[PDB]
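First the structure, in the form of structure tokens, and then the observations on it.
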Amino acid sequence: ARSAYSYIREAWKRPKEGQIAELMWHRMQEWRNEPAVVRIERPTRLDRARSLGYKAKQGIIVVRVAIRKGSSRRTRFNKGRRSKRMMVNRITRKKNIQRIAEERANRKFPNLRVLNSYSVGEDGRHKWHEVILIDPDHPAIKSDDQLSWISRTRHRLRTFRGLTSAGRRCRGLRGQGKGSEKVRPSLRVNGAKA
Amino acid sequence: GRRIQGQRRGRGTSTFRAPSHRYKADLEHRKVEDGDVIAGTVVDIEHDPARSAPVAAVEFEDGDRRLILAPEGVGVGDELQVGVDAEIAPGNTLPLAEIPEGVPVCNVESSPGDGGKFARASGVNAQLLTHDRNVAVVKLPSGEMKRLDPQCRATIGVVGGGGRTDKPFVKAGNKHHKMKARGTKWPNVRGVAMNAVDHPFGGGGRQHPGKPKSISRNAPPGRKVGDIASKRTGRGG
Amino acid sequence: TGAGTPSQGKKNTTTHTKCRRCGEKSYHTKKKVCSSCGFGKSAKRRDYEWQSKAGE
Amino acid sequence: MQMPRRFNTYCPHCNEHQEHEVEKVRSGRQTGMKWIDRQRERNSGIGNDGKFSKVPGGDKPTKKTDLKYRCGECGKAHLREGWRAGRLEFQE
RNA sequence: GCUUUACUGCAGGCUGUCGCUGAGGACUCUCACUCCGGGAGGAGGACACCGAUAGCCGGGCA
RNA sequence: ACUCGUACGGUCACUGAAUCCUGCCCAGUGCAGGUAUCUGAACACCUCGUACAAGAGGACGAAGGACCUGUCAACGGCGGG
RNA sequence: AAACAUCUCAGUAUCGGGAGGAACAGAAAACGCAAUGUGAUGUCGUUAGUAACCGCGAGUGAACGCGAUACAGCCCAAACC
Ligand SMILES: [Cl-]
Ligand SMILES: [Cl-]
Ligand SMILES: [Cl-]
Ligand SMILES: [Cl-]
Ligand SMILES: [K+]
Ligand SMILES: [Mg+2]
Ligand SMILES: [Mg+2]
Ligand SMILES: [Mg+2]
Ligand SMILES: [Mg+2]
Ligand SMILES: [Mg+2]
Ligand SMILES: [Mg+2]
Ligand SMILES: [Mg+2]
Ligand SMILES: [Mg+2]
Ligand SMILES: [Mg+2]
Ligand SMILES: [Mg+2]
Ligand SMILES: [Mg+2]
Ligand SMILES: [Mg+2]
Ligand SMILES: [Mg+2]
Ligand SMILES: [Mg+2]
Ligand SMILES: [Mg+2]
Ligand SMILES: [Mg+2]
Ligand SMILES: [Mg+2]
Ligand SMILES: [Mg+2]
Ligand code: NA
Ligand code: NA
Ligand code: NA
Ligand code: NA
Ligand code: NA
Ligand code: NA
Ligand code: NA
Ligand code: NA
Ligand code: NA
Ligand code: NA
Ligand code: NA
């Protein structure tokens with residue numbers, strides 16, 4: 001039969017409908033008064049978290065991060081530029097907001113490593129994402145056959161090197177075929193053309 | 001070219017800043033729980049470096065000692081009162097509502113409790129004209145008719161120091177000393193006496209503005225100089 | 001007043017001094033920042049790629 | 001100059017002389033879906049748009065004759081070289 | 001380097017539209033949001049701000 | 001930043017103590033106000049087109065412009081016959 | 001590009017953040033010599049200056065496949081407990 005979880009998911013398909021619509025209208029009010037990065041005891045979208053790797057276990061942390069909406073906050077040029085580069089308003093960053101959120105959260109918890117993250121809505125100018133982080137030094141995690149992999153030294157600062165969920169998608173590594181010529185194995189190895 | 005003077009201003013550097021550290025007090029109406037009981041005694045009359053006008057030191061019943069935006073006619077010893085039930089005499093502060101129409105007022109709040117915003121310069125005054133349960137119409141020194149919440153507190157009387165503007169500075173030196181007490185760059189060099197690189201009016205074999213002096217409201221900083229969005233110029237008509 | 005020799009006379013102000021972190025006489029005692037190693041400004045050591053030829 | 005609205009002449013389709021009808025070629029309307037149209041959209045961005053930032057050439061003092069010769073029996077038309085003419089009016 | 005009704009663009013200002021955004025060609029309200037108030041509460045209010053976009057101005061700048 | 005400031009303020013410009021004065025011009029350009037009508041983008045809307053889409057067209061029309069007005073101690077002008 | 005605006009120099013120089021002894025990638029919502037076919041991923045050789053881009057100017061520029069190197073395939077979420 002349907003898992004209870006399936007209901008949380010179903011609700012979040014249309015976040016501006018039904019009960020969840022009212023919850024959001026409620027919550028954001030408190031969120032907007034909260035800080036850039038706030039650790040929360042429980043994931044707002046349990047199905048999502050668990051689906052991403054979350055477990056109610058020691059060493060598993062979740063945190064909501066607020067990021068401003070819109071294009072790049074860019075300074076206009078202060079020297080000679082050909083028209084093509086005199087741009088300011090339409091320039092957008094190559095990193096998506098969810099990735100920024102993941103990095104901000106990770107910096108708040110220097111000892112933790114990002115596991116994954118998901119969106120929890122947005123108002124007119126914020127965008128909120130909840131980041132799941134893990135304590136690579138806490139046994140319980142070191143002893144978990146499903147998360148211990150993140151304890152490896154090779155995983156130090158995953159987010160900052162784009163080894164994250166959104167990291168890899170933002171890097172155009174989704175497709176294994178046509179279109180990923182300048183993407184895989186890495187952008188830099190491909191002269192930065194994707 | 002280079003940023004014009006008006007643009008250097010905004011950066012807020014020493015040269016454009018007011019000698020705040022040399023200022024005395026931020027003149028604002030006291031906060032009263034309610035009842036009005038609050039009254040105090042004028043202890044002294046001092047000079048306000050920020051407004052070139054006198055200000056009164058007052059000791060309030062509950063021990064509080066604060067400088068006040070003094071209206072004309074307040075002397076050491078006098079007892080001032082602030083509240084809904086304050087008597088109606090010069091120097092006392094109370095909501096526009098409790099004030100009798102036809103009375104000159106100063107240091108008027110824009111919104112109840114903001115501590116006073118309008119009519120605070122030397123010898124100026126507002127004029128409470130109309131009352132109501134919803135709107136208190138005051139005429140500000142600029143001549144404009146302002147609609148204010150009757151809950152907006154004010155002080156009875158005109159600001160002290162009237163007539164300051166009557167005496168000419170006579171000499172650059174006097175301007176100087178005054179200017180040194182304000183957030184302002186002085187003296188003033190005319191744009192037309194500058195180089196093209198420094199001001200839209202700069203340049204030329206002789207001194208004259210390049211284009212007309214009336215500039216659009218939409219002009220960008222660096223270009224908005226001269227007569228800003230002038231509805232007219234000159235004296236004729 | 002000449003901007004040359006005559007203006008060299010007022011130079012008795014101490015600014016750059018032996019740095020506690022790198023040992024270079026580059027610690028600006030007025031700014032409390034080393035122009036050589038970044039001490040006082042950066043935890044990481046001051047270094048740029050332009051301190052050498054691009055391909056080296 | 002003047003020119004008859006109809007007259008006998010060779011029809012490259014019928015392959016034999018027949019009465020043709022002369023008309024001035026009316027400009028066809030653009031669909032805005034040709035390759036050039038897509039390149040304009042695609043290639044225009046921040047700053048100068050190369051070729052797409054240019055504007056309408058100009059005019060020669062007199063234009064050449066732009067006509068359609070329509071066969072009166074098979075209904076198929078054909079084109080001919082034009083010749084400079086300040087004005088062209090048809091007779092009847 | 002400088003100028004401008006040189007060419008081409010770029011900031012900025014004004015203006016329409018969409019999102020935030022809600023209730024009953026002009027209108028009321030309150031619940032988001034904004035401001036005032038120490039608080040109670042007051043003013044304003046689906047506008048403004050902010051994000052996106054469109055038109056006009058635009059040697060301020062390249 | 002101005003601003004511990006509030007029109008007797010402070011910002012932006014022109015002229016440059018005093019004395020006697022400061023004429024005429026609003027067509028152009030600038031600024032500002034108004035505007036029946038005209039012009040005026042995008043979204044949404046309507047028509048055609050496409051089993052969808054591209055696309056063509058319509059309706060509505062903001063600022064702006066046309067048009068009208070004010071303004072020269074605003075740019076400036078004050079001739080020939 | 002014999003000027004120059006798109007283009008080019010070039011995602012270069014330089015700047016910000018970070019890992020390791022190597023990084024990264026990786027077991028198909030692939031390929032599409034269209035097949036009764038191939039079978040994770042890097043890399044080398046080639047495919048090829050080919051396809052594709054471009055004031056269709058100057059210039060720019062892959063991939064599938066093939067021959068090699070080395071080979072390796074698995075764990076959750078959920079259902080049911
Ligand atoms: Cl990390
Ligand atoms: Cl003054
Ligand atoms: Cl013709
Ligand atoms: Cl194959
Ligand atoms: K160039
Ligand atoms: Mg590699
Ligand atoms: Mg103050
Ligand atoms: Mg004066
Ligand atoms: Mg004197
Ligand atoms: Mg000063
Ligand atoms: Mg001067
Ligand atoms: Mg000079
Ligand atoms: Mg200039
Ligand atoms: Mg002069
Ligand atoms: Mg002059
Ligand atoms: Mg020198
Ligand atoms: Mg362009
Ligand atoms: Mg506030
Ligand atoms: Mg220039
Ligand atoms: Mg060249
Ligand atoms: Mg050429
Ligand atoms: Mg290239
Ligand atoms: Mg292929
Ligand atoms: Na971390
Ligand atoms: Na790309
Ligand atoms: Na000049
Ligand atoms: Na493209
Ligand atoms: Na020069
Ligand atoms: Na005129
Ligand atoms: Na005029
Ligand atoms: Na050349
Ligand atoms: Na040249
Ligand atoms: Na090109
Ligand atoms: Na083969």
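Following the order of the structure tokens, chains are lettered A, B, ..., residues in each are numbered from 1, and ligands are numbered from 1.
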Next on the checklist: Just want the 7 Å neighbourhood of residue 63 (chain A), counted on only C-alpha atoms (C1' of nucleotides), with same-chain residues fewer than 2 positions away dropped. Output as JSON, numbers by chain.
Outcome noted: {"A": [37, 38, 39, 40, 61, 65, 130, 131, 132]}
Using N, CA, C and O atoms, can you export the residues from the last selection as a short mmCIF file (atom, residue, chain, number, x, y, z; two decimals), in the first residue's frame?
```cif
data_model
loop_
_atom_site.label_atom_id
_atom_site.label_comp_id
_atom_site.auth_asym_id
_atom_site.auth_seq_id
_atom_site.Cartn_x
_atom_site.Cartn_y
_atom_site.Cartn_z
N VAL A 37 21.68 30.52 7.61
CA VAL A 37 21.78 29.07 7.78
C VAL A 37 21.25 28.63 9.14
O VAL A 37 21.84 28.94 10.18
N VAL A 38 20.16 27.88 9.15
CA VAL A 38 19.61 27.43 10.42
C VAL A 38 19.47 25.92 10.52
O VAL A 38 18.75 25.30 9.73
N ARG A 39 20.16 25.31 11.47
CA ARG A 39 20.05 23.87 11.68
C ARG A 39 18.64 23.56 12.20
O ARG A 39 18.13 24.23 13.09
N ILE A 40 18.01 22.55 11.62
CA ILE A 40 16.68 22.17 12.02
C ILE A 40 16.69 20.72 12.46
O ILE A 40 17.36 19.90 11.84
N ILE A 61 23.00 15.74 10.06
CA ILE A 61 22.47 17.06 10.29
C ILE A 61 21.71 17.61 9.08
O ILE A 61 22.05 17.28 7.94
N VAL A 65 18.81 26.86 4.28
CA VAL A 65 19.62 27.99 3.86
C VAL A 65 18.85 28.92 2.93
O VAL A 65 18.23 28.47 1.98
N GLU A 130 17.01 22.87 1.91
CA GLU A 130 17.47 22.23 3.13
C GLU A 130 18.63 21.32 2.77
O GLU A 130 18.52 20.47 1.89
N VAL A 131 19.75 21.52 3.43
CA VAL A 131 20.94 20.74 3.15
C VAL A 131 21.16 19.67 4.20
O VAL A 131 21.08 19.94 5.39
N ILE A 132 21.43 18.45 3.75
CA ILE A 132 21.70 17.32 4.62
C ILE A 132 23.21 17.19 4.71
O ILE A 132 23.86 16.98 3.69
#
```
Next on the checklist: How would you report the residues lying within 12 Å of ligand 32, as a list in words, if you count only C-alpha atoms (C1' of nucleotides) and all ligand atoms?
Outcome noted: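 The residues within 12 Å of ligand 32, counting only C-alpha atoms (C1' of nucleotides) and all ligand atoms, are residues 1, 2, 3 and 4 of chain G.
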Quick one: write out the picked residues with N, CA, C and O atoms (P, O5', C5', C4', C3', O3' and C1' of nucleotides) as a PDB file, in the first residue's frame?
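Written out: again_22.pdb:
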```
ATOM      1  P     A G   1      45.453  41.106 -39.485  1.00  0.00           P
ATOM      2  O5'   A G   1      43.937  40.921 -39.916  1.00  0.00           O
ATOM      3  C5'   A G   1      43.504  39.693 -40.508  1.00  0.00           C
ATOM      4  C4'   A G   1      42.000  39.620 -40.546  1.00  0.00           C
ATOM      5  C3'   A G   1      41.257  40.794 -41.157  1.00  0.00           C
ATOM      6  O3'   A G   1      41.311  40.694 -42.585  1.00  0.00           O
ATOM      7  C1'   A G   1      40.215  40.161 -39.129  1.00  0.00           C
ATOM      8  P     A G   2      40.509  41.738 -43.521  1.00  0.00           P
ATOM      9  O5'   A G   2      41.406  43.053 -43.531  1.00  0.00           O
ATOM     10  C5'   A G   2      42.778  43.021 -43.951  1.00  0.00           C
ATOM     11  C4'   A G   2      43.677  43.230 -42.761  1.00  0.00           C
ATOM     12  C3'   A G   2      43.620  44.607 -42.089  1.00  0.00           C
ATOM     13  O3'   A G   2      43.700  44.501 -40.664  1.00  0.00           O
ATOM     14  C1'   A G   2      45.846  44.084 -42.716  1.00  0.00           C
ATOM     15  P     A G   3      42.458  44.970 -39.754  1.00  0.00           P
ATOM     16  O5'   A G   3      42.254  46.516 -40.087  1.00  0.00           O
ATOM     17  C5'   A G   3      43.103  47.527 -39.531  1.00  0.00           C
ATOM     18  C4'   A G   3      42.291  48.750 -39.173  1.00  0.00           C
ATOM     19  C3'   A G   3      41.209  48.584 -38.113  1.00  0.00           C
ATOM     20  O3'   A G   3      41.723  48.658 -36.794  1.00  0.00           O
ATOM     21  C1'   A G   3      40.297  49.716 -39.952  1.00  0.00           C
ATOM     22  P     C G   4      41.374  47.509 -35.731  1.00  0.00           P
ATOM     23  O5'   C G   4      39.798  47.594 -35.537  1.00  0.00           O
ATOM     24  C5'   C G   4      39.191  48.732 -34.906  1.00  0.00           C
ATOM     25  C4'   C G   4      37.699  48.666 -35.054  1.00  0.00           C
ATOM     26  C3'   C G   4      37.051  47.431 -34.447  1.00  0.00           C
ATOM     27  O3'   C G   4      36.742  47.657 -33.076  1.00  0.00           O
ATOM     28  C1'   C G   4      36.324  47.684 -36.678  1.00  0.00           C
TER      29        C G   4
END
```
Item to check | Distance query residue 15 (chain F) at most 12 Å, only C-alpha atoms (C1' of nucleotides), self and fewer than 4 positions along chain excluded, as a list in words | outcome: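 These residues fall inside the cut-off: residues 190, 192, 207 and 208 of chain B; 73 of chain F.
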Residues just named, written with C-alpha atoms (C1' of nucleotides) as a PDB file, in the first residue's frame:
```
ATOM      1  CA  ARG B 190      31.575  77.084 -10.345  1.00  0.00           C
ATOM      2  CA  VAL B 192      31.903  76.635 -15.748  1.00  0.00           C
ATOM      3  CA  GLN B 207      33.113  80.595 -19.413  1.00  0.00           C
ATOM      4  CA  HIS B 208      29.602  79.512 -20.250  1.00  0.00           C
TER       5      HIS B 208
ATOM      6  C1'   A F  73      19.044  86.044 -13.628  1.00  0.00           C
TER       7        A F  73
END
```
Checklist entry - How far is it from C1' of residue 58 (chain G) to CA of residue 187 (chain A), in Å with one decimal? => result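 Straight-line distance from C1' of residue 58 (chain G) to CA of residue 187 (chain A) works out to 28.6 Å.
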Around ligand 2, which protein and nucleic acid residues have at least one atom no more than 10 Å from it, if we count only C-alpha atoms (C1' of nucleotides) and all ligand atoms? List them as a PDB file with N, CA and C atoms (P, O5', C5', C4', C3', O3' and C1' of nucleotides), in the first residue's frame.
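Below is the file that was written, out_16.pdb:
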```pdb
ATOM      1  N   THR B 165      19.047  84.759   9.873  1.00  0.00           N
ATOM      2  CA  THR B 165      19.264  85.033   8.466  1.00  0.00           C
ATOM      3  C   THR B 165      19.313  86.528   8.126  1.00  0.00           C
ATOM      4  N   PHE B 169      26.774  87.686   6.266  1.00  0.00           N
ATOM      5  CA  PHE B 169      28.043  87.161   6.758  1.00  0.00           C
ATOM      6  C   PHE B 169      29.140  88.217   6.579  1.00  0.00           C
ATOM      7  N   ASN B 174      33.609  84.491   7.966  1.00  0.00           N
ATOM      8  CA  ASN B 174      32.475  84.128   8.805  1.00  0.00           C
ATOM      9  C   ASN B 174      31.766  82.915   8.244  1.00  0.00           C
ATOM     10  N   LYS B 175      31.623  82.849   6.921  1.00  0.00           N
ATOM     11  CA  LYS B 175      30.987  81.695   6.289  1.00  0.00           C
ATOM     12  C   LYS B 175      31.799  80.497   6.733  1.00  0.00           C
ATOM     13  N   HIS B 176      33.099  80.625   6.500  1.00  0.00           N
ATOM     14  CA  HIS B 176      34.063  79.604   6.844  1.00  0.00           C
ATOM     15  C   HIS B 176      33.770  78.939   8.184  1.00  0.00           C
ATOM     16  N   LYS B 178      31.196  79.034  10.013  1.00  0.00           N
ATOM     17  CA  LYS B 178      29.901  78.389  10.106  1.00  0.00           C
ATOM     18  C   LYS B 178      29.963  77.051   9.397  1.00  0.00           C
ATOM     19  N   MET B 179      30.515  77.074   8.186  1.00  0.00           N
ATOM     20  CA  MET B 179      30.625  75.885   7.356  1.00  0.00           C
ATOM     21  C   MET B 179      31.383  74.767   8.069  1.00  0.00           C
ATOM     22  N   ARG B 182      29.259  72.188   9.814  1.00  0.00           N
ATOM     23  CA  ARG B 182      28.267  71.466   9.028  1.00  0.00           C
ATOM     24  C   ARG B 182      28.888  70.395   8.153  1.00  0.00           C
ATOM     25  N   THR B 184      29.479  69.840   5.035  1.00  0.00           N
ATOM     26  CA  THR B 184      29.484  70.493   3.731  1.00  0.00           C
ATOM     27  C   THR B 184      30.882  70.864   3.280  1.00  0.00           C
TER      28      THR B 184
ATOM     29  P     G F   9      18.643  78.672   6.771  1.00  0.00           P
ATOM     30  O5'   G F   9      18.298  77.124   6.852  1.00  0.00           O
ATOM     31  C5'   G F   9      18.356  76.410   8.090  1.00  0.00           C
ATOM     32  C4'   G F   9      18.131  74.944   7.820  1.00  0.00           C
ATOM     33  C3'   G F   9      19.149  74.309   6.883  1.00  0.00           C
ATOM     34  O3'   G F   9      20.248  73.806   7.617  1.00  0.00           O
ATOM     35  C1'   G F   9      16.977  73.818   6.116  1.00  0.00           C
ATOM     36  P     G F  10      21.726  74.010   7.061  1.00  0.00           P
ATOM     37  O5'   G F  10      21.760  73.171   5.706  1.00  0.00           O
ATOM     38  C5'   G F  10      21.561  71.749   5.722  1.00  0.00           C
ATOM     39  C4'   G F  10      21.613  71.176   4.318  1.00  0.00           C
ATOM     40  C3'   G F  10      22.679  71.759   3.381  1.00  0.00           C
ATOM     41  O3'   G F  10      23.393  70.773   2.624  1.00  0.00           O
ATOM     42  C1'   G F  10      20.561  71.715   2.320  1.00  0.00           C
TER      43        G F  10
END
```
Item to check | Long-range neighbours of region 44-57 of chain F as number ranges by chain, 12 Å cut-off, only C-alpha atoms (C1' of nucleotides), 2 positions minimum in chain | outcome: D: 29-34, 37-38; E: 17-18; F: 42, 59-60
Just the selected residues (N, CA, C and O atoms (P, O5', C5', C4', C3', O3' and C1' of nucleotides)), exported as a PDB file, in the first residue's frame, please.
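So part.pdb came out as:
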```pdb
ATOM      1  N   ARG D  29       4.949  38.267 -48.445  1.00  0.00           N
ATOM      2  CA  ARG D  29       5.132  38.534 -47.031  1.00  0.00           C
ATOM      3  C   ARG D  29       6.061  37.492 -46.433  1.00  0.00           C
ATOM      4  O   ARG D  29       6.049  36.340 -46.855  1.00  0.00           O
ATOM      5  N   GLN D  30       6.873  37.892 -45.460  1.00  0.00           N
ATOM      6  CA  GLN D  30       7.795  36.955 -44.835  1.00  0.00           C
ATOM      7  C   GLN D  30       7.121  36.168 -43.721  1.00  0.00           C
ATOM      8  O   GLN D  30       6.212  36.663 -43.055  1.00  0.00           O
ATOM      9  N   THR D  31       7.590  34.944 -43.518  1.00  0.00           N
ATOM     10  CA  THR D  31       7.056  34.062 -42.491  1.00  0.00           C
ATOM     11  C   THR D  31       7.822  34.235 -41.181  1.00  0.00           C
ATOM     12  O   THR D  31       7.310  33.931 -40.105  1.00  0.00           O
ATOM     13  N   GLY D  32       9.056  34.715 -41.280  1.00  0.00           N
ATOM     14  CA  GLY D  32       9.872  34.907 -40.097  1.00  0.00           C
ATOM     15  C   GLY D  32      10.363  33.588 -39.533  1.00  0.00           C
ATOM     16  O   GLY D  32      10.769  33.523 -38.377  1.00  0.00           O
ATOM     17  N   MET D  33      10.331  32.536 -40.346  1.00  0.00           N
ATOM     18  CA  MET D  33      10.775  31.217 -39.910  1.00  0.00           C
ATOM     19  C   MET D  33      11.944  30.678 -40.716  1.00  0.00           C
ATOM     20  O   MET D  33      12.285  29.506 -40.607  1.00  0.00           O
ATOM     21  N   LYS D  34      12.558  31.518 -41.531  1.00  0.00           N
ATOM     22  CA  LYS D  34      13.687  31.055 -42.322  1.00  0.00           C
ATOM     23  C   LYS D  34      14.918  30.966 -41.432  1.00  0.00           C
ATOM     24  O   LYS D  34      14.932  31.533 -40.340  1.00  0.00           O
ATOM     25  N   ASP D  37      16.251  34.045 -39.981  1.00  0.00           N
ATOM     26  CA  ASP D  37      15.448  34.557 -38.881  1.00  0.00           C
ATOM     27  C   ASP D  37      15.889  33.920 -37.550  1.00  0.00           C
ATOM     28  O   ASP D  37      15.990  34.597 -36.524  1.00  0.00           O
ATOM     29  N   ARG D  38      16.157  32.621 -37.577  1.00  0.00           N
ATOM     30  CA  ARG D  38      16.574  31.900 -36.387  1.00  0.00           C
ATOM     31  C   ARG D  38      17.966  32.292 -35.946  1.00  0.00           C
ATOM     32  O   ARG D  38      18.284  32.240 -34.765  1.00  0.00           O
TER      33      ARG D  38
ATOM     34  P     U E  17       0.218  47.285 -15.517  1.00  0.00           P
ATOM     35  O5'   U E  17       0.886  45.901 -15.944  1.00  0.00           O
ATOM     36  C5'   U E  17       0.470  45.229 -17.146  1.00  0.00           C
ATOM     37  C4'   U E  17       1.390  44.073 -17.455  1.00  0.00           C
ATOM     38  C3'   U E  17       1.609  43.061 -16.344  1.00  0.00           C
ATOM     39  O3'   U E  17       0.539  42.127 -16.302  1.00  0.00           O
ATOM     40  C1'   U E  17       3.686  43.616 -17.312  1.00  0.00           C
ATOM     41  P     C E  18       0.092  41.476 -14.902  1.00  0.00           P
ATOM     42  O5'   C E  18       1.213  40.390 -14.578  1.00  0.00           O
ATOM     43  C5'   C E  18       1.267  39.151 -15.305  1.00  0.00           C
ATOM     44  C4'   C E  18       2.496  38.364 -14.916  1.00  0.00           C
ATOM     45  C3'   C E  18       2.670  38.040 -13.439  1.00  0.00           C
ATOM     46  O3'   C E  18       1.881  36.930 -13.026  1.00  0.00           O
ATOM     47  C1'   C E  18       4.713  38.822 -14.304  1.00  0.00           C
TER      48        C E  18
ATOM     49  P     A F  42       5.099  43.824 -28.957  1.00  0.00           P
ATOM     50  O5'   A F  42       5.298  43.095 -27.559  1.00  0.00           O
ATOM     51  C5'   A F  42       6.577  42.572 -27.190  1.00  0.00           C
ATOM     52  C4'   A F  42       6.606  42.279 -25.717  1.00  0.00           C
ATOM     53  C3'   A F  42       5.461  41.432 -25.191  1.00  0.00           C
ATOM     54  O3'   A F  42       5.638  40.039 -25.435  1.00  0.00           O
ATOM     55  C1'   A F  42       5.747  43.284 -23.783  1.00  0.00           C
ATOM     56  P     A F  59      -7.500  46.934 -34.520  1.00  0.00           P
ATOM     57  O5'   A F  59      -7.985  46.508 -33.062  1.00  0.00           O
ATOM     58  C5'   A F  59      -9.366  46.182 -32.810  1.00  0.00           C
ATOM     59  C4'   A F  59      -9.548  45.730 -31.382  1.00  0.00           C
ATOM     60  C3'   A F  59      -9.026  46.690 -30.329  1.00  0.00           C
ATOM     61  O3'   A F  59      -9.964  47.719 -30.043  1.00  0.00           O
ATOM     62  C1'   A F  59      -8.257  44.513 -29.846  1.00  0.00           C
ATOM     63  P     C F  60      -9.440  49.185 -29.652  1.00  0.00           P
ATOM     64  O5'   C F  60      -8.738  48.965 -28.241  1.00  0.00           O
ATOM     65  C5'   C F  60      -9.490  48.482 -27.113  1.00  0.00           C
ATOM     66  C4'   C F  60      -8.577  48.244 -25.935  1.00  0.00           C
ATOM     67  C3'   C F  60      -7.688  49.414 -25.544  1.00  0.00           C
ATOM     68  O3'   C F  60      -8.387  50.361 -24.743  1.00  0.00           O
ATOM     69  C1'   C F  60      -6.404  47.427 -25.599  1.00  0.00           C
TER      70        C F  60
END
```
Checklist entry - Hey, what's within 12 Å of residue 54 (chain D) if we count only C-alpha atoms (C1' of nucleotides) and toss same-chain stuff fewer than 5 positions away? As a ChimeraX atom specification, please? => result /D:40,48-49 /E:7-8 /G:5-6,55
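Neighbours of residue 123 (chain A) closer than or equal to 6 Å, with only C-alpha atoms (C1' of nucleotides) counted and sequence neighbours fewer than 2 positions away skipped, come out as residues 125 and 126 of chain A; 20 of chain E.
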Item to check | Test item: residues lying within 7 Å of ligand 26 with only C-alpha atoms (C1' of nucleotides) and all ligand atoms, as a PyMOL selection string | outcome: chain B and resi 192+196+201-204+207-210
Write the residues of the preceding selection, restricted to C-alpha atoms, as a CSV table (one decimal), in the first residue's frame.
```csv
chain,number,residue,atom,x,y,z
B,192,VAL,CA,31.9,76.6,-15.7
B,196,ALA,CA,35.5,69.6,-19.5
B,201,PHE,CA,29.7,72.7,-17.8
B,202,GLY,CA,33.5,72.7,-17.9
B,203,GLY,CA,35.7,73.6,-20.8
B,204,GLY,CA,35.6,76.3,-23.5
B,207,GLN,CA,33.1,80.6,-19.4
B,208,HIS,CA,29.6,79.5,-20.3
B,209,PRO,CA,27.6,76.3,-19.9
B,210,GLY,CA,27.8,73.9,-22.8
```
Next on the checklist: Could you list the protein, DNA and RNA residues that have any atom within 8 Å of ligand 13, counting only C-alpha atoms (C1' of nucleotides) and all ligand atoms, and write them as a list in words?
Outcome noted: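 Residues satisfying the distance criterion: residues 1, 196, 197, 198, 199, 200, 201 and 202 of chain B; 2, 3 and 59 of chain E.
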Export of prior selection with C-alpha atoms (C1' of nucleotides) as a PDB file, in the first residue's frame:
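Output contents, as saved in again-v5.pdb:
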```pdb
ATOM      1  CA  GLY B   1      35.932  62.206 -17.533  1.00  0.00           C
ATOM      2  CA  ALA B 196      35.483  69.596 -19.453  1.00  0.00           C
ATOM      3  CA  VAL B 197      36.801  66.483 -17.750  1.00  0.00           C
ATOM      4  CA  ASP B 198      35.535  67.617 -14.332  1.00  0.00           C
ATOM      5  CA  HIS B 199      32.042  68.907 -15.056  1.00  0.00           C
ATOM      6  CA  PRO B 200      29.435  68.913 -17.824  1.00  0.00           C
ATOM      7  CA  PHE B 201      29.728  72.724 -17.830  1.00  0.00           C
ATOM      8  CA  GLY B 202      33.521  72.683 -17.917  1.00  0.00           C
TER       9      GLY B 202
ATOM     10  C1'   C E   2      38.391  65.597 -24.617  1.00  0.00           C
ATOM     11  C1'   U E   3      33.485  66.751 -27.365  1.00  0.00           C
ATOM     12  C1'   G E  59      28.572  61.043 -23.866  1.00  0.00           C
TER      13        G E  59
END
```
Checklist entry - In Å to one decimal, how far is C1' of residue 19 (chain G) from CA of residue 141 (chain A)? => result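 Calculated distance between CA of residue 141 (chain A) and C1' of residue 19 (chain G) is 21.3 Å.
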Item to check | Protein and nucleic residues near ligand 16, 12 Å, only C-alpha atoms (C1' of nucleotides) and all ligand atoms, as a ChimeraX atom specification | outcome: /C:1-5,7-8
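The nearest approach to chain F among the residues B:90, B:95, B:163, B:220, with only C-alpha atoms (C1' of nucleotides) taken into account, belongs to B:163.
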Item to check | Close residues, region 44-49 of chain E itself excluded, 9 Å, only C-alpha atoms (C1' of nucleotides), min 2 positions apart in chain, as JSON, numbers by chain | outcome: {"E": [21, 22, 30, 32, 33, 34, 35]}
Next on the checklist: So that I can check the secondary structure, give me every residue of region 46-134 of chain A assigned strand (DSSP E) by backbone DSSP, as a count of residues only.
Outcome noted: 28
